[PDB]
Every structure is written in C-alpha cells, then in structure tokens.
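**Q** When you get a sec, could you give me coordinates for this:
(chains A, B, C, D, E, F and G, ligands or ions: 2)
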Amino acid sequence: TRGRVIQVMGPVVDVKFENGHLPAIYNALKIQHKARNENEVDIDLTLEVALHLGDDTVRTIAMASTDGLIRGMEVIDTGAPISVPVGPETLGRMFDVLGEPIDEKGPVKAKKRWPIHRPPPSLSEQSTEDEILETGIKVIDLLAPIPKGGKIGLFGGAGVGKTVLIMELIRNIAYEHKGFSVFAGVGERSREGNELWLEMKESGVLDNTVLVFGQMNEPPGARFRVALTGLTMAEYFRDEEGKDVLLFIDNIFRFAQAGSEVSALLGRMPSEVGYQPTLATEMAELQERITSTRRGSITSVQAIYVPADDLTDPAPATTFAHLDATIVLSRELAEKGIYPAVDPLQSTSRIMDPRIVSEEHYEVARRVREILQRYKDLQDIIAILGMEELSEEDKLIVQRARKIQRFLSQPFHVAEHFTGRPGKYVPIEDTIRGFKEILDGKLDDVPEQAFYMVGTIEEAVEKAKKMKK
Amino acid sequence: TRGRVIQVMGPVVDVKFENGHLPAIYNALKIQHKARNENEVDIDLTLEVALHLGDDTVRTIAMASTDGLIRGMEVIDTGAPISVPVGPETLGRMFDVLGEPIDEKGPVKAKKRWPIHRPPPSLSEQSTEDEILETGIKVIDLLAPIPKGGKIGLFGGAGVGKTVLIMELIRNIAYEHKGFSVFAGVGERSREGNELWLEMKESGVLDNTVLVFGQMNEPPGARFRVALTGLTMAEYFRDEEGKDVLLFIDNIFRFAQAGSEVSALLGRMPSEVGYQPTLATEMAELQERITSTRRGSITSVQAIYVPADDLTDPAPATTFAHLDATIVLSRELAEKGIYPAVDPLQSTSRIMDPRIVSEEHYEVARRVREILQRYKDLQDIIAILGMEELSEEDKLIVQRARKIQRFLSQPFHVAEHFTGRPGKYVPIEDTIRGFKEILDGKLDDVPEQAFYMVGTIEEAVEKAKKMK
Amino acid sequence: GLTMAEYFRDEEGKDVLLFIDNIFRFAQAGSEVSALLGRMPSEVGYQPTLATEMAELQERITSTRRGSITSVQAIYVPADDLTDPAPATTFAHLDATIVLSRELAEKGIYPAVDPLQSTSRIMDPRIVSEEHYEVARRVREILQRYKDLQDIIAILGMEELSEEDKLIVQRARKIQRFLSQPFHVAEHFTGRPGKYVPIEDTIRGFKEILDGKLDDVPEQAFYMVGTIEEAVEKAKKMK
Amino acid sequence: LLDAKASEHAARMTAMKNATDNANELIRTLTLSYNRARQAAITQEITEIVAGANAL
Amino acid sequence: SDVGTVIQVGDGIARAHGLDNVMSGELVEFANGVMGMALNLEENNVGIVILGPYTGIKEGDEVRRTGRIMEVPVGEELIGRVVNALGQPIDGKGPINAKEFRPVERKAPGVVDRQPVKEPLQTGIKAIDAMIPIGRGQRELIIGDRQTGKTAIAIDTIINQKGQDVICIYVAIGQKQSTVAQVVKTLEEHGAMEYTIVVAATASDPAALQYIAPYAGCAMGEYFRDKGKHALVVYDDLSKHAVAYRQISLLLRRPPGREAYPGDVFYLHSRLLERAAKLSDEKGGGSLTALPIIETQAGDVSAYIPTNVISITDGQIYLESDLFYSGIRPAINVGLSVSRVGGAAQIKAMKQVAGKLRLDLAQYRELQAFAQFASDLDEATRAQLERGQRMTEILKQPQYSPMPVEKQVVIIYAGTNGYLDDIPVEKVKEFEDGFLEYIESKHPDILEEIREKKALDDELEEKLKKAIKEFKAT
Amino acid sequence: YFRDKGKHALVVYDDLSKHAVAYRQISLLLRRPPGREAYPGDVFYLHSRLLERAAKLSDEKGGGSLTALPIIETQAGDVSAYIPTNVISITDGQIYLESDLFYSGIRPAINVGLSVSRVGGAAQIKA
Amino acid sequence: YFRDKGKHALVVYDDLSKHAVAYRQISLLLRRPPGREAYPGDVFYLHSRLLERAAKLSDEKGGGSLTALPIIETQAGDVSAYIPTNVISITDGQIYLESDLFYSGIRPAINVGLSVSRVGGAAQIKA
Ligand SMILES: Nc1ncnc2c1ncn2[C@@H]1O[C@H](COP(=O)(O)OP(=O)(O)O)[C@@H](O)[C@H]1O
Ligand SMILES: [Mg+2]
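**A** Numbering: from 1, shown residues only, chains lettered A, B, ... in the order given. Ligands and ions are numbered 1, 2, ... in the order given. The protein structure is shown below:
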C-alpha cells in the first residue's frame, strides 16, 4: 500500500508502512512529489528494500540522489523488484539501471517487463556439451579458448587494453556469428560511454547490441544493481528465443566496491581489507545465472582491474573461482607496442584438454608455452654474456620464440583510426597452422619484423617481400 | 539453590536465582533433565560461573554441548567449584575434565574430592634449596638440567618424537625414582592419546601414572579447565602425602588458545594479535601452583606449539615469562637418523650457572657446547674441500667432536616396537666422566660407530670389540 | 605561551622568538580527552577533530604587517613511524622540516639530521646564491647515490664497483661526518669545546670535498670538527 | 693461459656462489621485516573494526 | 506455545517473538515452507538462521517449532543419489524413504573406542599408494593452487573403490552447479554411483547450507562405521566452508580475529575432522576416512586456514601449478608430501619396492638441479639422473584411469630393479601399457598370487616372464 | 559557467586528501557508521559526483570544455590506500611523482614508466 | 619520605612492561577504547606521572634526593615498540643489553652504540 519517509542519511532512506502490509526484500518503491509551495523541489526517486527493522519500518538504498527529500513524504510499493523491458525492441538502445531509455529516440514500447531478481537455472537444467567459441583473435583462440556457455576474465592494471579488446570482441560476434550482444557498463566513466556509443552507431554493430550504463557519478545502489539489468536483458534471448548470446561486463571491480559501500552504509561489520561480509554470496548471484542450458547459452567476457598489481585482493580473488578461462594483460607488452598485450605465460582455460579440442590444437599450444618459457629462462645470460656464447639449439630456440612473441600481435578494426592499420580476423585453422609452421622450423629465413601486426601467415610471407627481404 | 535458564548462546548460559542467594564465581552448576514428551531430549550438563550480572542473574560457561537446552529448565547450584577425586586410587586411571572416570573399570570410590580452583603457596611457604632431578637422559641431564619444582618447555614439530620422549621420562621416574606422574591433554588429537595409552599399557608405566583428557573436539569450556584437573590431583601427593611429583601437559598452546576462544565468546575486547587480554593472569594461575614447599614438591614439562614457526607470538612470549628451562627437538637432527633429536646448542636452563650447579658440571657443559659449536663452524671446509687439508689441531678437535656428537645419543625403552634396542639409562656421574674422558684426550682410539646408541662410555668400548 | 607572544607582535610591533619543545603532547592530550567526551575514534585511536585542532594553534603563529613571530618546534614521532596521524597532520603547517634518524645517532653522527628528508621553502635559486644552491644540490645527490649502493656493496665485494662509484662512496663517507659538529650546550656528552660555523665556511667546506681537493685525507679527520681548516690540522695530529 | 682460464672460471664460480649466498641472507632478512611490517599493520586494522563497532 | 512471530529480517538471519518451548539447535519451519535453525535464545526473542531463500519472509510471518534437533536422513536408500545439505533430493529421481535420521552434531569416538589403523585404502594412483600411503581411518589433506587437479584425485579415488566394500560420500561446498553436474555424470559413466552418495550446497545456496554441508555428509558416513562397514568422505573445499562461516558470524555481529575469521574457526574444523576414525574390535571394528581439500593463494601454505587444518590432519598431498602446466598429471610434490598414520596399513608387497623408490627419487631430486646440463656430471651421478627421470615417467598417470594394486606392484618392481635402464624416456609410457597387457593376457598366475598373499614370495617367474616380453616386443 | 557559454576552463584542486579528511570529520561527528581506513562508505560518491562534471560538450550544446587537475598526497608511497585507489579509478590518467627521483637530480620527478593517459595520441598534435 | 626529610633514596621497578599489561587489562575490562597495540590512550600519563617524582630538591627544601631505575623487556630486541620508546621519552638515559653479545661470552653485554644518558658527564667525578 502507501508508506512515509522517516529518515534520510546520504544514499540510505528509512520508510514506515503501518496498515495493510510491508513490502518484501529487494522490492522497488517509488517517490513522486510535486512542490506544494516555492520552498520545495519536485522529486522523482526509486528505492530498493534491503532489510526489515521492526515498528512497521523498512531500510532502503536509493537509486538516485536523496537531495530535496522531506520526512513525511508519501511512498508507493510497486509489489515487485525493479522491472526492465525485454525483447527485440531493446536492440540498438541505451539504458539506465531502472531500464528507462537514456537516448532521445523515444519510448521503447516493449511487450513485457522482467524483474531483476530471479532464481538461476537448476542442476537438472545444466548442459555439459562443451565446445569452442571462435573469437578470431589469435592469442585467445590458441592459449585460452572460450567455452560456449562459459566465463572469460581479463585481468590487468590501467591503460593495458581491456576496453579496446572488449569492443573488438563485440564487433567480431556481430560480423560472422550474427548473434545478439549485451554490454553492461558497471560504474562507467561518461567519457567512455560516449566512445562506445559512437563506435557502434557508425560501424553498424549497435543494431544487434544492447547498452546498459547508468553512470560512475550515480549513488552506490545504482552502481551495484546495473550488472543484473544487462544480465536480465540477456536471459530473454536464451530462455524465450533459444539463442546463444555474449554478455560483456567492463570492470566487476566497480561492482565489488559498490556492494562494499552499500554494506558500510547499512551498518555491517567490515570483512578482510574492509570488503562486505557477503562478497562471495553477491558475486555468485550474478555469475551463476550465466550458464548453458537445454534451451540455449549465455557466454561472458569480463574485465577486472588489479589494484596496485595485487591479485590477492578480495575482489580479483573471489572472481577467479567462476572463470573457465583467464587472460592477464601485461603493461610491459603494451608499452613495447605488442597489442592486444596478453601475457602468453599467465593466460589459461579449463577447456584446454584433448577431449574437448583437437590433438593438433593441444600439441601446438603446448609447444608454444614451452618455447616461450625456455626463452624466458635465457634472457639473463643473453644480456650479461655475448649472444655468441649460446649453443646452436638455444640460438634457434631464441629466434623462434622471437618470431612467435610478435606473431601473437594482431591489428584490430576498432583501433584502425589510431594507427591506420586496416584490421584482421583470423580463423582457428590458420592460427594453429601459423604457429605450427613457425614451431616446425619451416619458416626460419624470414625477418622477425615480418611477423608483427599481420593477421594470417601468408600475409607475413608477402610482407617479408614488401620489405624487400 | 534452584535457578532457571534465562538465555542460551552456544557455550554461554545465563541463569536467574530466587528464594535464597546467588552462587559464588568459578562455581559449578548442574542441569539434569528427563524428556517430558517424545519431542524433548535427555540432557546431562555442568556449567561454571564466570560473573554476576545484576537482577539476581549470573553468567556461566558450559563444560559440554548445550544442544537441547530450553529456557525455563531447572538448574542446581553445587555451592562450590568443579570437584575431582583425590587419593592414591587415581593412579593407572583415565579421567574427564569433571573427574569422572572414562575407563569401564568402575567407580573410583575415593574418600575425598578436592576443588580445582585453589590459592597457590605463599612466599613464607616457598623453598630456595634449588637441587637437581636425575632424568637418566644424557642430553637433558648435562646441557639443560631440570630443577625440583621448576617448569620446562618442550619444542618440536608433528612427528619429531615428543610422545616418545614424554613416555620415556614418565617410565624412567616409575623405574628407579618410584615416584608418581600425572599427564594432562588439551586440544590434542584423540588418535595420539590412544597411541600413547597403548604404548604405556604395554610398558607397565600406567600403574604409576594418572591420565586426564580434554580433546581437540571438546567445547572451549572443557579445553580451558583440563590442566587444572591434573594439577589438583598432583597437589594431594605434595600436600597430604609429601612426595615429589611430575606434571606433563600435552600442549599448553591449546591451553592458551582455549582461553582465547572463551574470551571471544564472553565478549571482552581483544588485545595484540587477538589473544585474550587476561593471557598473563591465566598462565600464572596454573604456573605458580607448580612449586616446591616445606611439605613436598611439583615439577612440570610442557610442550609448546610455535605458531607460524615464530617465537615473537604472545602465547609463546607469555609462556616464557614462567619457564625455567628449554629443550628443542630439531627436524634436521631427526632426518640425520638421531632419534632423541634434542639440539645441543639451542637447549638451556636457569640452573646452568656456576653458583647453582658444581664447578666441574659447569666446566664440562662449557667445554661440550664449545667443541660442538667449533665443529659446526668447520664442516664447510670439511665438506667443500678434502678432509686431508685440515690442520692437526682442528683434526683432533673434529675426531673428538665426531665421537661426542653420537655419544650424546641414547636408545629409549619405549622404542622396542620400532627398532628393537633394549633401551639404556645413564647416571649423572658417568655422563660427566664420559664427556670428560673424551675431551681430555684419554680415549681417542675407539671407532666413531661404537658411540651411537650405547648408553654409558664403557658400553662403547665393548661394542667396538664385539662388532668385529 | 602563544597568547603572551602575540601581544608583543600585535600591540608592541616587535620581532619575537617562540620555542615549543613538544607539540605532539598537545595532540595526545586531545586524544585522551576525546573518548570521555563521547566522540567516535578515527585512525590509530585519534580524535575526529585532529587537523582542525592543530590548525587552531599553527595558524596564529605567523608574521604580519605589524610585527613578526619566528618559531622553532619539536615533534615527537611515536614508535619511529612518520605515518602516524599526529606527525602527519603537522607537516602541512611548516616552512622548514628537519627529520632526525636513529641510524645516524646509533653511528655517533650528531645532530643526526637526515640529509635526504630535511627541506625548507627558502631552498630556491631566487632566494639563495648560485654557489649555495649548486653545493646543496651536489650534496643531496651524492648521498642519494651512496644510499642506492649499500645493497650492491653487500652482495658483491667493494673491489667489483667501478672507479666512479668507488670515489662516490669515499666522498659520501667524508660528507656524512663533515655534517657533524660539537655544540656548546653538549660539552658534557661530546668531550670537546663546542664550535660555531659561518655560512661562508660551510659552503666553502662542502665545495672543497665535492671537488675532490681533499681525497688524500682520512674520513676520521672530518668527524666532530667545526670548519675545514680544522679537519686538515686534525689530520696533522695523526702522523 | 690454460691455468688462467681454470682460475678465472673457478674464481667467477666461487665469487658468484658467495654473492648468491649473500643475496639469499639479505632476501631472508628483508622478507622477515616485510612480513613483520605487514602483520603488525593487519592486527591494528582489526583493532579499529572492534573499537569502531563498539562506539555506535 | 509451539508458534512464534517474526520481528526482524536481514540477510538470511531473523528474530522472532514467542517460541517459548523451543530448544537450542532445533529445526523451525516458516509459513512459506523454508526452514531455519534456532541458534540464540534470549529473554524475549529467538535468533534464527535461514536454510533457504529468505526474500519470501516478512515481519509478522508465523514460524513454528518442528520438535526435533537438526537431523539428516541416513540409511541404504541414499546410495546413488544427489541431495542438498538437508538431505532433500536434487537429482529428480523421485523421493527418498530413509527410515533413520541422525543429528549432524555428534561427539567423536573417545580414546578407548579407537584402535590404530592397520588396513589400507587403495586410491589407484601410483604416486599416492606407493609414497603417501593411506589407511582406512586416516584424515589426509589435498592442498594446492586453484585448477591443479584436487577434485580429479578425489574422483579417481572413488572410481578405484569399485571392488572394495567402501561406501563413498562426496560433499560439494560452494561449487558451481555446472562442475557439480560434470562430477555426477563422470561418476555415472564409470559406474561409481552404484556405491556413492553426492551431497551439494552450491555457490548460489545460502551461506548457512554451505556451513551445514560437511556435518551432514559426515553424519551419513558415520552410519556405515556404526554398523561395522567402511566409509570414505570427501569435502571438496574447506576454504569455501570457512568463508561461509565467516559470513554468518560477522552478520551475527561477532568480533573478528586473525585474517578477519572468528576465533571459533579452529573448533569448526577440529570438531568435523576428529569424527573420522577406525573403531576398536569391541565397538564393531568399523571405519570412516576423510579427504578434505584446501586452496592456497600463490602457493602460500603459511596462511591461517591452511596451517589450522595441517595441525588437525594426519598428512598432506601437495599439488603444484608449475607441474600441471609442465604436462605432468596428477602433479603431486613427492619430496614434500607425507603421511604419518600410513605405512603401518600398507600391504607387504608394496613395502618391498616402495623403499627403493623413495631412496632413488631422493637422490634424483637433489642432483637433478645441479645436473641441469646434458652430460657434465660423472657416470656415478648420470645413473641416478636417468633412473630418476624414468621413475618420474612411471609416476605419470591419465585422468579417470585407476591402476589396481597388483599391476602397480609389477610396474614399480620393473622400474626399481633397473629393467627400464636401457628404454628411451619417450617409450616408458608405451612399455607400461604393453607390459601390463602382456602379463594380464597370458601370465594371470603372478597377479592372482599377489592378490591373495599380499606379499612377493618368489619373484623368479616374473623375472623370466618379463625377459621374454623385452626380447620379443619393445 | 565558461563551459556552458562555449569557452574553455581548467580547474585545479590543490589536495583532495584534505577534502576527504574534512568529510570524515563531519561524518564521524554526525555518527554515520565508519568503513575502510575510518572513512564513511559515502566517500567514493563524494569525489565521483565532483570529477565527472569535467567534460567536452557536443556541438548542439555549444562545444565548450572544462578540464580538471586534482592532486593527492600519499603517505610513505602507499598508492594502495583507500582515497588514492578510489580517485585513481575515477580519473582518465595519472602522473606519479617519486621522492627517490627528486633527490637523485631528475627534477620534475615523474615516473614515466608508471604514469598513464588513455587519451594519449588523441590529445597531442600530429607533430 | 626519605627525600622530604633530607635523606637519599633509590627505587627499582623490576619490569614496567608488566605494569603496562596490568593497566591494559583493567582499562579493557572497563570498556575504554584502545589505541596503538591495544594499550589505552592514558598509558603515557601512567608512567610519566610516576617517573617525574624522582628528583634532587633545592637547599631550601632540604637538599634530599630520590633516584629511579625502571626496567623494561623487549620482544626480539624491538627497542622501537610503543611502551619501550614511551618510557625512553620520560627517563634521563638508557642502558641497552644485547641477547646476541651475551651468548658470545660478553658481560655486562651493554650496547654502547645505543645506550646514553642526558645527565651524563655532569654527575661523574672530574678524574
Ligand atoms: N590495439 C591497440 N592498438 C593501439 N593502441 C591501443 C590498443 N589497445 C589499446 N590502445 C591504447 O591504450 C589505451 C587503452 O585504454 P583502455 O581500453 O581504457 O585500457 P584499460 O581499461 O585496460 O585500462 C587506448 O585508449 C589506446 O590509447
Ligand atoms: Mg582500464
């Protein structure tokens, strides 16, 4: 029924309901007030119920600014959680955490609205048909294959290339897989939401993609529930349309920091290094709903900020448990000009077994990690002592590792404007064939410079000639 | 007289009294209830009073599980602390923290019970006649002597031979000293307690020993009070019988940890590294009763677990404030095949001064520590370069050190199921004479292998002739 | 004390010296009081008002168009940690900051001032001579280069360091002790008369060591001497 | 020259062995100081949580 | 009265008025149908921990006492089923009609109720059964980095138990439903579900169910021990179980201790692991063995929870991230892994060859580092190096393929006596498969003698029969 | 005001660390529940609601601009602290100053191998 | 009493480290909020109020004296700990004893590189 505002302290609001009944936990509440006189301000606010307190009273987290609120203001119970539009009408549109459109294109007019808090699929509804999702990116498809219905994490510091790698993956799925994608900008910088919206509106990829953002300047309650809004929109395409869809989440670190801020605002005791006591429960409520079932599949690419180079921080550490594959991006590779800057020695996946991928794929990826590690074990000796002191076998091992290290580099379409390089997509058969031909020592009398930024290996062979060598 | 449970929170239970008076602090309470219907469970429980709360209410710590308790259940005040039987009828017996017999041998039927919380001896009752206790163990008796009425710390990892050495000391006191021993176990693996019980039951030592157990799986209230039960049983032998008795504590680190858990449950504010604020007070209540008087004496050997292999931790640091001596069982000695494993360079005692022990005892112990350190300072030249390059003085020092290092070894009586060796006992005069005879260069011809696992020095001389 | 020093500035227009042996005690006294007043504690148990209380004292200690207050203050650093809320809050208010190191004191170098953490507002090319600025720059740099080498000298033998690093170590060794001086107020502790050194002889002294004119003089001759001419006769007093 | 090469290789080997040994004791001692500095700081943060929660 | 009313609801914790006659630890039921534990009894309220979705519970809802302490169904009816932490079925194979229910809280066996372990538990892994023996009442810890093979070793152990009279219980605490489904299908593909029970509390289940899961799985394991049979219990990760208890304790406002865990953590795991034991012949001679698993960050074994469980258990199996990525399986660190209670229970036939294996690998593991170059070391050390490399190849084994004890004895006997000293390192795996099929297809007398005598009497037949294989088919 | 009228503006905040301390003081005296390093949970929203107002507008809005240069002080080099990591995550790039480079004679004292700007390349001229 | 009547006295405190632990216990049981190393904020006033009563009085007061010799215990040689540095800040000098030198056959084992007195030189005889 109708309740009244009792307390206001930053993003936290307390409401009393009295007669009828109290709202449920996670239920959405609405405040709609028109200024009764010139000393007041008009307010339009949404609140999420977090806990029951006694005396017919409830504590809530505000979804927007609490400035201008007054004690005794009327509050309305919607009878359900935050509900967002679902369907094909949501394609090519930008959204807020509450599912209202941000763009001036008009009302979405969708046929149905789904709640943000629903139960995940059951153990019976789980499928076990593991296979590989081809990305067209030569480092991921070899060293850390993506399982359909699985989760892939991108770990690194600032300026390594996480958002550009996510933008190129969104393009490639819309190019050859012709699937539907969802991007959830959890705590997104408004400068970056503008660059994602412009790349997709001009490249045409936007017509097959859903954008959910909110803003990094919104209160913590909004930064916390936004990843569920993108997920609830991606669930409809799997469950009601039976499709295979890709969900991109940029920086779940902001998701973890926002649950911490909400727990601190509600008065819970701090856990390890000041995070919320419920961190593992909250991370899982989002990661579990992403799975392949007998109806269809949701796969996910996630970026994770590593604060101060420490992978032992609770936020990165709780995330590792739900990752089928792992990619670590090294700042040392990025500044040396090698893009996408993925570390060949720290990237791994669970699907890297002969029972799930070809014997030729498994054998090549093994020979690559081995020769790279052998070269890492020799770069001290190559610097202090003359290279003329290295044996014949080690000398060839170094040259092959040197060609392979740059052959992992690839020019992206979304990054053509920066360097002017056209952009390339490489199929799995040519990635395996390329590294196999270098490892087998067939292609040795070709200069290292020919393997940097080239796509397939035939393009490297013609480039050697283009450089007159 | 008759209280009623008002609150229940894990081990903590609150009781309100009426029509009479409230119980004293440290006092034991009893709950005996029979299921009134098929929805209830029978319960038999003991609680210890911690503090008075006001409104005729008292807070208590339960000695066993609180599952099945109901608000409003009747409580009986026993009028005094936990009382355990005392007398010579306690020897060769296994007990619980409340003094009830564990073994199926029947009721103990002792003539008196003694409160477990009792004042320690006053300054006017103490004894300053520091003397020594012959253990018959060649490394303890020379390098780290044990004083009558003192506290000794035993250090070593899981599997270095602590249980083997404890049983060897209990057995040795029961063999020639014909004295009484008491062993208390706190926060211990019930499996280890069983391996010790069978090994004692076969070596005949059990008839001269008392066993008390508080297991690693018992609630914090029991793990906290068990060391006091062994001590209250050892005190009767000192006070009413005038004997000299030995108290063993399985791990005083679980004594310390159990007090930390009870403090965290009671809601007191913690101190440095999360131990209880009362760690120093609680350690003293156990440690000061362990003293020698004009009636008789109590001595104690306590094993310490060093958390994270660092001695700066509060429990070890608060324990060392009460200790008189230290014995260290070393992992490097264990892998080398040396079974007693006591480190000759890290073991020490307060008694090891020329104004407590004889001048000759101090001189031999000094010359032994010095030759062993000198040998340890030279094994690099001997290992990296050929042994033919060492000078004559260092070579003779090495030959004496090579014989001495293994002449410190002794086969234990409790080890016959492992290695089959008969076991040896070495008296103080032959320990001093033995090391003196090698140090003074009188016995250098005898081969090195003859000094390993032989007892006295003469046994090494016959072993050299008999091995061929 | 501050209210009495303010009268001479405000109503009499004079230039005054204000000495305070401990402002840390002023901060701890506010900390002891705060729990009993009913306030919530902050980092390391301190009061929520710590920076406001230090500014109520420090903003009054200033020179105006009427007169001037110059002040020397001592700040106790608990457990040798400069990151503690009381010492940390104080650095924002000072025009010059001198930090004293136990490593220098335990080595017998007094007054024990740390050359790499001590600084002042006045250390600008616009406020001091070119010769002063250049000598101070060269001193701070040679001591930092010596600090960056004590690990390499521990892992490898000193005979493995280059000639340039070898000279830098010897000059840094002479400089760290030429910074030592016997005070008049310390004759009971130092066993020496006590000395006063003018700025001209300080600059001339360090320049002469930095330029390598004194390479053939033992490090021990630079300890506890007021001026450079003394170091040279202290070398003569030892064959 | 052959004796010089043998003595050079032996000298570089023995010197680098001592240098490696020196580096390890320095790493051990530094690591104990890193552990003590980090462990000392962690127990204080836990103490602030206790005091802060009891202050409400 | 029997009924009370909710007065406050938080994240999975509730408070209620009434419930006058409820007892400490009793199960209580909500009007919706969800269940909760009565933990704290106060003068005027009861603190309840919710065992399901709390979002359907509101202030003013009716809550009723069940009249029973928290119990889980047990019996023969549970074999070959997948259940939640409260025993409820989650496999869709219909209801369970268990006739016996036992509390999840029981006191472990006393000092005199036990005996030392004298009979082995065969895991089927050539590195464990030879170097890290396991008894039928021992508590061994599996420890290492994430994604290194910790559950694969436990599943390989359960699959090896097909012939022995051991009932296997697998408890999943905070695991992904997908991995749980993959485990249930692997057990069905190998037939292990004919003698296995699977208990689950997945990552989306409330922290209270993840806390109760190991105790419920232990109570099912105790019924077989109380009737004189043998049982095996696996706890998929004690690291997530500690995190789940840390959550409930902080939400009950208890003050933290070391690494933000409560002081009560050690008691949570000692109380659990001390219940696994071999009973005395007077109690019936029954047994229960436990295989807990723990995850270490970056290989740090010195952390609080890892050292806390190392102090409770009887030995550890250490797994390395570096070996797993170096093409080695099961990736066990044999120079650090040891068992204290083992060796006494191991069969005589394995002891006669395990002694040689341990001495040869000790020599190899030390010199292998210095001899990194091809052939600079002398023949006296070269012989050690090649033997170590060849024995390391004999220690390698593929997933879900347990090797029986008799075949383990003959392959380990082949390596430790130098018959493989002329075989190239790359052919050792092909030689092992070919030699075992040769011995089983035409020399079953050797295997049947080892199976019944459990010791090697006369080896002469095996030496002659093996020379015939080497001369005819490499 | 200048941005809304089509002109360019630059805003410097001499120290955001003292601004966070000033908010901690008011919040603790008002009895709001503390979090990490004694600060209120509300402190990320404090600086993000401020720094997101610096932007370059579209041509329909007038093409105006506002750039910001906030400053933060670290205790003994601890970049991993609460307020520093909070503001490092909000900005589009960071310039790191080292006490080590400053005494060694590298005078502006910037750690070029650690400092970063995402806009690099787009901000600069072709030359 | 001796000092107030013109006589000379001396007092020894066997360990001030244990005196501090006793005050920490009483203060935590009265629920006073802790500070550094869980000791109360009042812990400096505890020892400084006791040690400043040791003095040499003026001739008008009688010329009497009271000397003090407090004792403290360091964990692993950590002279830098809170209670140790706190008492060092009140006294007129420190005598530091090394556990390392003591096992090298050296007595009294005083580390002269750290040990010093603030009254020193003046109290000692001219010879
Ligand atoms: N493929 C690439 N080719 C060239 N420059 C790149 C590429 N990927 C990233 N960059 C550069 O580095 C920046 C990466 O910024 P961003 O995507 O925000 O990194 P991150 O989120 O990992 O911190 C880009 O703005 C661009 O300047
Ligand atoms: Mg980034």
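**Q** how many other residues sit next to residue A:35?
**A** Applying other C-beta atoms under 10 Å in any protein chain shown, we find 11 residues neighbouring residue A:35. In short, each C-beta sits where N, CA and C put it, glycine included.
**Q** All the helices of the stretch 1-150 of chain A, residue numbers only.
**A** A:140-143 (DSSP state H, counting those that start in this stretch).
**Q** which stretches of it form strands?
**A** Ranges of strands in the stretch 1-150 of chain A, per DSSP state E, counting those that start in this stretch, are A:2-9, A:12-16, A:28-33, A:43-54, A:57-62, A:74-77, A:83-86, A:94-95, A:112-115, A:132-133, A:146-147.
**Q** again, but for the stretch 251-400 of chain A
**A** So, for the stretch 251-400 of chain A - with DSSP E, counting those that start in this stretch - the strands run A:297-305, A:325-328, A:348-349.
**Q** Listing partners with orientation, what would you give for the last one?
**A** In this case it means strand A:348-349. Applying DSSP bridges, strand A:348-349 is found paired with strand A:325-328 (antiparallel).
**Q** contacting residues around the strand it pairs with?
**A** A:140, A:144-147, A:150-156, A:320, A:342-343, A:346-351 (C-beta atoms under 8 Å, 6 or more residues apart in numbering or on different chains).
**Q** The lengthiest helix in chain A close to chain E?
**A** Longest helix of chain A, by residue count under DSSP state H: helix A:220-239. No: contact of helix A:220-239 with chain E (C-beta under 8 Å from any C-beta of the partner chain) is absent, the minimum separation being 13.7 Å.
**Q** angle of that helix against strand A:297-305?
**A** 150 degrees (axes from the mean of the first three to the mean of the last three C-alpha atoms, to 10 degrees).
**Q** which other residues reach whatever helix or strand comes next after helix A:220-239?
**A** Downstream of helix A:220-239, the next assigned helix or strand under DSSP states H and E is strand A:244-250. When contacts are defined by C-beta under 8 Å, 6+ apart, strand A:244-250 is touched by residues A:133, A:148, A:162-163, A:166, A:169-170, A:173, A:179-186, A:188, A:227, A:230-231, A:234, A:237-238, A:255, A:290, A:296-303.
**Q** does the spatially closest residue to residue E:402 that is not a sequence neighbour sit in a helix, a strand or a coil?
**A** Excluding the flanking residues, the one nearest residue E:402 by C-beta to C-beta, 6 or more residues apart in numbering or on different chains is residue E:124, at 2.7 Å. Here residue E:124 is recorded as coil under DSSP: H, G, I helix; E, B strand; the rest coil.
**Q** that older thread, so among the contacts of strand A:325-328, which ones count as buried?
**A** Taking 16 or more other C-beta atoms under 10 Å in any protein chain shown as the criterion, what is buried in the contacts of strand A:325-328 is A:140, A:144-147, A:150-156, A:320, A:342-343, A:347-351.
**Q** so which of the residues you listed are also by ligand 1?
**A** By C-beta under 6 Å from any ligand atom, the members of the buried ones among the contacts of strand A:325-328 lying near ligand 1 are residue A:156.
**Q** Report the closest residue of the stretch 1-150 of chain A relative to chain B.
**A** Residue of the stretch 1-150 of chain A nearest chain B, by C-beta to the nearest C-beta: residue A:54 (20.0 Å).
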